[PDB]
Ligand code: CLF
Ligand SMILES: [Mg+2]
Ligand SMILES: [Mg+2]
């Protein structure tokens, strides 16, 4: 069901990934957007973006997640392109909520590194 | 042309320090007291690094707390960190009785009023714990003078002043006070046996025997000093004080003489045969008790063992020694008894004006047939540099932070003094007394024997010696 | 929920530092306070800011004088305490330097004492031309300007290069502040002050690995097999001058995001070098990390050849240990990052259940990571202290504790074995082989005849002395 699928993706990211836990708000936002846009491409058979060094790194992170999602979750090979996109938009929102909006990490907005 | 010369290190900086700073030595004094947790007033490293150092030497945990000086205290003063730290200790450790409050470079520079904080805490503790007495001893240990040797002596003196101030003079105990200095548990075990065999009652300050604690079926933790408040208070009532270490507790023996008329007898630290002989003669003098046959026998067994080694393996071999001043001077005398030649003695702190007056210097000047260089204010680079410039040594005696000098120079090395973390069980092996002299001589020989085998240097000779 | 331990009834502020993860909780409501002031008198495990700069990071370098401007204790205390070998005979571990500050320097200043010490150090070791100078508590308090002294020395001695760190032990609350001051000063002053030859199409820095028991040298066998040039290691088996070249890398691979994330973040800001966080401990983690690096460079096939070979070599041993370690309970009481690098890797690869974790100096960031990866029913402790450790042992009854040696020697009395979570027992512990080494030490620690023998009271008529049968992979 759509909420179960999203719960699967969210639990995977939380227990596996590090890119959502970078040092500052702006870096978390950049990574959530960048990695998950690539994940969507990879899970829907689209050509990944591999132009700039940053794009190539989002691809690298995304490839791990896309491969793990396809191995862990049978549904991820059954749902269609629009359903994958909708799930990943929901996942972006959830990740922003828990890693930025409602995080009590008091360093996230410090202007200097 | 036969010359014992004292000279200072010729560099302003240090490379490879021989000793730690004063607060580390104060901590060492305190951990030998039962129901004591020292409180080190300064930054956190001043505590944690020293707890690690004790774990390296003893392979045990000892409890020491920090006041956790942070940036606000550096601007406005740290008294509130002391006061909080004392109460947090008292509240969480109901059996705690003694807190030496040890200053550091930071808290000496900023001038926190330790005695004023102690008055605050004494009032607070008396109100909060009416049926408890906690002894707070102020220990002034700036790290920019002296060393852990001086810090040890200062802490012992302060704790004794604090506790004896509180209890004063009572009924004569008939006991000796004994300040062995900074020695291992094995040295304490040997001294207890000597006093038992001589039928002399004595308190050894501090009694660190149980630092070598068992792993017990009941999971009990026994890794504590055995010297109690009551033991320290009773020092006022002793027959006499025997101080074995000029730089490591004699000033407490003098304080007890000045304050309580307990006569202090300072003797050479009992490394080697003669120094042990003279210690036992002083004990006999002050107590009226005879030296027992059992100690004549232990002495004879030590001499028998050393006689298998001295002219065969030791004669004319050149030795460098580093460590605490009482240990260095005492081991130089031991070396001579067994025909070793201690040509380089390194003492690691700024106390040269005292060392120039040490009567053992003169005892060396009147006996050595080879030149001796005594470098004070020395670091361990002073040893390495001399070896690199051509000094030929057959043996090094010192603590484990000199290990790489010996390893790289391919010189055998016996681990003595503090800390000896790179060999197993040395804290349990006496170095003082007759059995200690024997154990030291046999470590020396066995280190030489292994070296002969690894280097193929007449290794076939180890058959019919 | 947050936990008020019985031993903290008189310091109840500690409850906001201790989380027991329970079913269905929103963990965002239960993040420990971290990186706050220490409570005096607690027997906190924390060290000082100077430690974080000199012992942890700067002192790892193989070719650099470590000039500690202060009294001799800070130097003594950071010597013979670390296990970071080099390929030049362990220069870094053999030596420590102090300005031997005395009372007269407190009164009149220490700058000339420092200057003289610095020239002496370069004179005594004429092959060494690089130095880091650190302040300590009292040299900070008296205001010695070590940067100005270093400037004069470099003017007077044009063949040396000197870096300075202001890191008195009272700064910050822990080692962490030392990490930060060193990282930011290095990127501001010394990065892009020279360049090296580029010999590969694929270049990276490895950031936040300090070569404990040879970890860095083990990982370097991977990079060499893959044909990746490492411009600089920050700082395992590293050189001062390699660190000056960091701007040249195409990619920054980060392991210790706590100590060294700062310089990765600034290298991205200033030079556009992307930051890739990995876990270089953990068997399946190491495979993920290699796959990410190889996907970034477009050398995927070379990555799969290396992974296949490493699995063939090491996975059977790893699985032997998993069979015997499955269900064992572990505690991790270390600095912070190893909590989140290890909790799920020991669970996945060894079947080990981490039941309690304590961080000396971690930030809220580190707690986000560990709680995300960690189990329900586990305790998560910020700035733990000794009495808390005993209470936690009574609550969770670990089979093994990964912690420092002193704490290991304490818990031995309770018949609990330890592995040195800082300096390792028989490392390295990073990489594929390293995780097998970790598993071996855990196995030999717990399945140890001495532990069983200690429990027997020979006076109990009813008791015999057992024999245990062990194994080897
Ligand atoms: S918290 Fe850290 S280790 Fe402590 S002093 Fe400060 S920088 Fe240094 Fe140094 S000399 Fe000894 S150990 Fe201290 S009392 Fe000073
Ligand atoms: Mg989860
Ligand atoms: Mg015989």
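Residues displayed in chain C correspond, in order, to Swiss-Prot positions 2-474.
Quick check of the header: X-ray crystallography, 1.0 Å.
Cβ coordinates are placed from backbone N, Cα and C, and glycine is handled just like the others.
Taken straight from Swiss-Prot:
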BINDING   C:49, C:75, C:138  [8Fe-7S] cluster binding site
BINDING   C:257, C:423  [7Fe-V-9S-C-homocitryl] cluster binding site
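Known features from Swiss-Prot, placed on the structure.
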residue	record	CB count, 10 Å
C:49	[8Fe-7S] cluster binding site	34
C:75	[8Fe-7S] cluster binding site	36
C:138	[8Fe-7S] cluster binding site	32
C:257	[7Fe-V-9S-C-homocitryl] cluster binding site	23
C:423	[7Fe-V-9S-C-homocitryl] cluster binding site	17
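In sequence order, the binding-site residues from C:49, C:75, C:138, C:257, C:423 that place a Cβ under 8 angstroms from a chain B Cβ are C:49, C:75, C:138.
Rounded to a whole number, the distance between the Cα atoms of residue C:138 ([8Fe-7S] cluster binding site) and residue C:257 ([7Fe-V-9S-C-homocitryl] cluster binding site) is 27 Å. Taking only the Cα positions, the spacing between residue C:49 ([8Fe-7S] cluster binding site) and residue C:423 ([7Fe-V-9S-C-homocitryl] cluster binding site) is 16 angstrom. Calculated from their C-alpha atoms, the gap between residue C:423 ([7Fe-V-9S-C-homocitryl] cluster binding site) and residue C:75 ([8Fe-7S] cluster binding site) amounts to 20 Å. Checking the binding-site residues C:138, C:257, C:423 against ligand 1, the ones whose Cβ sits under 6 Å from it are C:138. DSSP assigns residue C:138 ([8Fe-7S] cluster binding site) to a helix.
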